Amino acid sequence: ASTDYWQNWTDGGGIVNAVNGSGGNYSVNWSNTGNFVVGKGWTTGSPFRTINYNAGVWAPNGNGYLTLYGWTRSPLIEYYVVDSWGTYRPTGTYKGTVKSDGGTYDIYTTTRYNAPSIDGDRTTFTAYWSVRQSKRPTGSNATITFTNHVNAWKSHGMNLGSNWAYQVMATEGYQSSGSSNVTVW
């Protein structure tokens, strides 16, 4: 599927060279950054979408996530499906696990306090996470059957908002350096 959304946010820290490539391809080179999120996907997320991607390059030199990323409003919720990471594996309050697309994921919830949100400014909100137990190999055609995660989260009282915002396969970094090249469809 053709992606119609390009995500390129940074808090202004360090160097973030985000390249909007052809089709669903994009690349990022970052150095000594603050927090940033870059990726390609869809303007309107869907709980039934099946995301395909191929990370030709995944080379974080510190804290960085290769993850499905999106938001919902009413209520405001930030969500993640993390397939790979750098030096730090993200975790939070353990809820359970879900098997999907050949891997096993731990389900977590966290709360972000006075954090920047999709609407700008800062606020307190909840984040839903599915984090692979081990890093998914990169350079191959990978699939994320999002409906499996949505359904697993629901079973743990983790319900998403009614207003869907963007949904992208992103590269998120935090006070680190690295490189990534990903193709989404």
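Counting begins at 1, following the sequence as shown.
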{"property": "Greater mean Cα temperature factor according to the PDB record, 128-136 or 147-155", "result": "147-155"}
{"property": "Comparing 98-106 with 111-119, the one whose average Cα B-factor in the PDB entry is higher", "result": "111-119"}
{"property": "Member of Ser176, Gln167, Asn17, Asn25 with the greatest C-alpha B factor (per the PDB record)", "result": "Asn17"}
{"property": "Ranked against its chain, the third holding the CA B-factor of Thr44", "result": "middle"}
{"property": "Where the record places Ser31 (Cα B-factor, split into thirds across the chain)", "result": "middle"}
{"property": "Third of the chain, ranked by Cα B-factor, where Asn63 sits", "result": "middle"}
{"property": "For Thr72, the third of its chain into which the C-alpha B factor falls", "result": "middle"}
{"property": "B-factor third for the C-alpha atom of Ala55 within its chain", "result": "middle"}
